[PDB]
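Just the one chain here, laid out as structure tokens, in the form deposited in one PDB entry.
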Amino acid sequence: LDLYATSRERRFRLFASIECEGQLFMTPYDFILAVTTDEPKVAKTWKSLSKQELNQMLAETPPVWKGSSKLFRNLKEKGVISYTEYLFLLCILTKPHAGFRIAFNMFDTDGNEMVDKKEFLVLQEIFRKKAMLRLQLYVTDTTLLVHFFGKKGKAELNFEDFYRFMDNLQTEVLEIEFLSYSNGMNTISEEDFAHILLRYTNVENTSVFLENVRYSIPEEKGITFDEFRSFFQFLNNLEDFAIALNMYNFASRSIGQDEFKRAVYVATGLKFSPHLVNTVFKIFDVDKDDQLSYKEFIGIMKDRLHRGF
């Protein structure tokens, strides 16, 4: 009966599945659930494990160089994730690549471009932080730590290794969402795409746009996973996209496709498919006005990435 905990923490316990000497833990599988699902299949139920059951669990963790876009799906149930590590992973999913490269370089006095187990522990705790009423009345090892630093914690973590860990995690979650809609096929429909974007938006706007795609001319092909992932990378750098659309000033004008494509490239480095861009415009234009309005688009997308996970 805990009214004493914050929103995020409440959630963590809600999905967590392991208790070991009093502490709670997600599995890898629980974490993917936590960032894909609204509520768990089994809520607030902790299987208790021995210190050894846990060690044993851990000893079959792959080394960092066998990491992949399928690390978590492969580990599934047999692994441990701390609540701090949960917030760390959420940061890797939601925030832009920049802050990580900066903070890692900042902690790499000793390295170089390598980090110690202890340095990583502190760096990760940093990311976590980010009277009148009287008057009225009167450390434990986890999959990530073994993965990054080996079994007795003595390895050092290269920056490029860790950076591709970040990429892998991002691609895993994206693949899971994309599969959700594709049931294994190569592409997804305009409607699938739209539903993914608008899924976390006010149901008024979602009404208009979804009926726009359902009523519109049929698509010729679908969105590959690559166009999908490109688009969500762009969602990580939405801030600079807005920034860039500002100096392409001045009247909050509306953007055409070649315009919008150029804007994406310049502000983020990514070169969208002509097809991906066209698909954006079919979702959102609603013939307003054969060109897209950037500040409406920025609004819904602002919402989508943050509250999607």
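All residue numbers refer to positions in the sequence shown, first residue = 1. Heads up, when I say rigid core I mean the largest set of C-alphas that superpose within 1.5 Å between the two forms.
Not pictured, yet referred to below: the form deposited in another entry.
A.B. asks: Fit the core first: which of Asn168, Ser182, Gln233, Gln124 then shifts its CA by 2 Å or more between this form and the one not shown?
C.D. replies: Looking at each option in turn, only one qualifies, and it is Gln124.
A.B. asks: Tell me, please, whether between this form and the one not shown the C-alpha of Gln291 is shifted by 2 Å or more, with the rigid core used for superposition.
C.D. replies: After core superposition, the C-alpha of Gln291 moves 2 Å or more between this form and the one not shown.
A.B. asks: Can we say the CA of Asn249 moves by at least 2 Å between this form and the one not shown when the core is superposed?
C.D. replies: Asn249 C-alpha, core-superposed: shift of 2 Å or more.
A.B. asks: Any CA movement of 2 Å or more for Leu198 between this form and the one not shown, core superposed?
C.D. replies: Result for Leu198: yes, a 2 Å-plus shift.
A.B. asks: Please say whether the CA atoms of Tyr200 and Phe232 come closer or move farther apart in the other form, knowing the change relative to this form is 3 Å or more.
C.D. replies: Relative to this form, closer in the other form.
A.B. asks: Flagged pair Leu33/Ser207: C-alpha distance shifts by 3 angstroms or more in the other form. Which direction, closer or farther?
C.D. replies: Closer together, which means the C-alphas of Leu33 and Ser207 are at least 3 Å nearer in the other form.
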